[PDB]
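So basically every Cβ, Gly included, is an ideal-geometry build from the backbone, and we count neighbours across all protein chains shown. The numbers here are math on the coordinates, done by the rules we state, and not lab data.
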Amino acid sequence: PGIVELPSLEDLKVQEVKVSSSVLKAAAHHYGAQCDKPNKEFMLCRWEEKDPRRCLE
Amino acid sequence: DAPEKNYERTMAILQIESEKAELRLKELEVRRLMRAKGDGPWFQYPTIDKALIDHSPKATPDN
């Protein structure tokens, strides 16, 4: 069948969150309070597209 | 009995039995077609009911 269409390595370059898991768990409730809207746009796009390649941006 | 009675009774018997013979041959032809194609109401072997499928948002999105 067809060629699978994968995005380029420049499309996956983004500034990562390089903190440990306990750092994330300590600020998890305030992150859920403050950073709501793009996180829920992302999880809505992720459960509607069912394809991570459409959900990169 | 009269010859009219026996004659037309024979015609009734021949009509009934000729219709039964042609419908037996049509019965064989219909059964052959529905077994070969499966597009009729016979030999409808069961498949999975699609009402059993859960369409809820699952634990992971990639499905």
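Evaluate Rg over Rh across chain A, taking Cα atoms for both radii and Kirkwood's formula for Rh. Write down the numbers at each step before the final one.
On the way: Rg = 14.9 Å, Rh = 13.9 Å.
Taking Rh as the inverse mean 1/r over Cα pairs, Rg/Rh reads 1.07.
Are there any trypsin sites (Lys or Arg not before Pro) in chain B that are in a DSSP loop and have at most 12 other Cβ atoms within 10 Å? List them by number.
Numbers: sites: B:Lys5, B:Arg9, B:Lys20, B:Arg24, B:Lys26, B:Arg31, B:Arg32, B:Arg35, B:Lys37, B:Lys50, B:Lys58; in loops: B:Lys58.
In loop regions of chain B (DSSP not H, G, I, E or B), the sparsely surrounded trypsin sites (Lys or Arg not before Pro) are B:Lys58.
Taking only Cα atoms, what is the 0 to 90° angle, nearest 10, from helix A:36-49's long axis to the longest principal axis of chain A?
Its long axis makes an angle of about 30 degrees.
Return one number: the angle in degrees, 0 to 90 and rounded to the nearest 10, between the long axis of the Cα atoms of helix B:3-37 and the longest principal axis of the Cα atoms of chain B.
It is inclined by approximately 20 degrees.
Sketch the reach of a paramagnetic label on A:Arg54 as a point 7 Å from Cα along Cα-to-Cβ, and name the residues of the range A:1-37 whose backbone nitrogen lies under 20 Å away.
Backbone N within reach: A:2-8, A:11-12.
Starting from the Cα of A:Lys37, draw a straight line to each of the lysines and keep only those under 17 Å, dropping any in the same chain fewer than 8 residues away.
Cross-link targets: none qualify.
Using only DSSP helix segments of four residues or longer, with each worth -39500 (n - 2.57), what per-residue ellipticity at 222 nm results for chain B after dividing by its residue count and rounding to 500? Let's see the in-between values first.
Working: 1 runs with 35 residues, N = 63.
So the calculated ellipticity at 222 nm is -20500 deg cm²/dmol.
Mind checking the range A:2-37 for trypsin sites (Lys or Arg not before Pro) that DSSP puts in a loop (not H, G, I, E or B) and that have at most 12 other Cβ atoms within 10 Å? List each step's numbers first, then the result.
Values: sites: A:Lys13, A:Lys18, A:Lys25; in loops: A:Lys13, A:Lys18.
Filter output for the range A:2-37: A:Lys13, A:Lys18.
Counting only Cα atoms, I'd like the Rg/Rh figure for the protein assembly as shown, Kirkwood definition for Rh.
Working: Rg = 35.7 Å, Rh = 23.1 Å.
Radius of gyration relative to Kirkwood radius: 1.55.
Compute the distance from the alpha-carbon center of the range B:47-62 to that of the range B:1-45, in whole Å.
Each part's Cα centre sits 48 Å from the other's.
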